[PDB]
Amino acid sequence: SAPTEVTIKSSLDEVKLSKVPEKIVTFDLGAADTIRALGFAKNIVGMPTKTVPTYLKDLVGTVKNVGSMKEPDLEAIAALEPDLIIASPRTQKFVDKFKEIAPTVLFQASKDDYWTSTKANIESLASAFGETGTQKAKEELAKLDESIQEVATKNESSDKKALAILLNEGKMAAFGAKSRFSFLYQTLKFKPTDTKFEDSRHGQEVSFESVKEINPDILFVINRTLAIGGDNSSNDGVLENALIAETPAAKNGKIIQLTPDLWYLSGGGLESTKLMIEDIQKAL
């Protein structure tokens, strides 16, 4: 076998390649956005195109469609002759099938040390593109580290408490400091409310009375329905309910409608992290 030139650590077995991969299939959209930010978008040959966040739309034309965020088209993947497949938590059930086709990685973040683990994943992926990738990632990560510190410093000067909810077909689910939205709390140092929420990936259902009682100063909202292109009519009037409209968050202009597709479908990449930080400036 040819000698190893690049190595990629992840939650899976370390992948060792004899050259930079030029035919990549990815189900991880953050990884796609990292690859593009590093200057290697041409190397991505397959991505699911059923539900693509707007910020990534221009990659649709340069890839072949390999299915949906949860359901791969294995025939389409094999036909692309990939030299690397980037799986995702959502597609972990297909990792054995992916491995039959090509070396496969799957990046996982800690819910505790979200940013250190995410940076390690970004650096590992970037190294697949040699010194050029590694150098560019160092440069871009330095800017993100500085932006993160600036946000964290502002939050550390405040005592406001922030509640984070997912809105889905008129149902509200609250999420805690260690959750799919850890970046807000662990990394950016928004402060959670005193109410702890069953750490489920779908959150804990909350009523209008619950939100009133929590009494948040900032309310982050991720609208799942909009993120996936559903009928948003079921969410009409939810945030406008008097019990939410009378929170200090609402009255003070701190209901923050986070870009739905970015936050629900992506994250963990160089560009997605940058855009996420931009999105929360109005919450400071």
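One rule holds for the numbers: they count along the sequence shown, beginning at 1.
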With respect to the recorded C-alpha B factors, which stretch has the higher mean value, 188-196 or 93-101? 188-196
Using only the Cα atoms and their B-factors as the entry lists them, report which of 257-265 and 11-19 averages higher. 257-265
Selection from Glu140, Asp112, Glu131, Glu123 [criterion: highest C-alpha temperature factor in the record]: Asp112
Report the option among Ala177, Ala78, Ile86, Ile148 whose CA atom has the maximum B-factor in the deposited record. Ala177
Just say lowest, middle or highest third for the CA B-factor of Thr153 relative to the other modelled residues in its chain. middle
Ranking every modelled residue in this chain by its Cα temperature factor as given in the entry, which third contains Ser1? highest
Once the chain's modelled residues are ordered by C-alpha B factor and cut into thirds, is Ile222 in the lowest, middle or highest one? highest
Among the modelled residues of this chain, does the Cα B factor of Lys50 put it in the lowest, middle or highest third? highest
Is the Cα B-factor recorded for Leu166 in the lowest, middle or highest third of its chain? highest
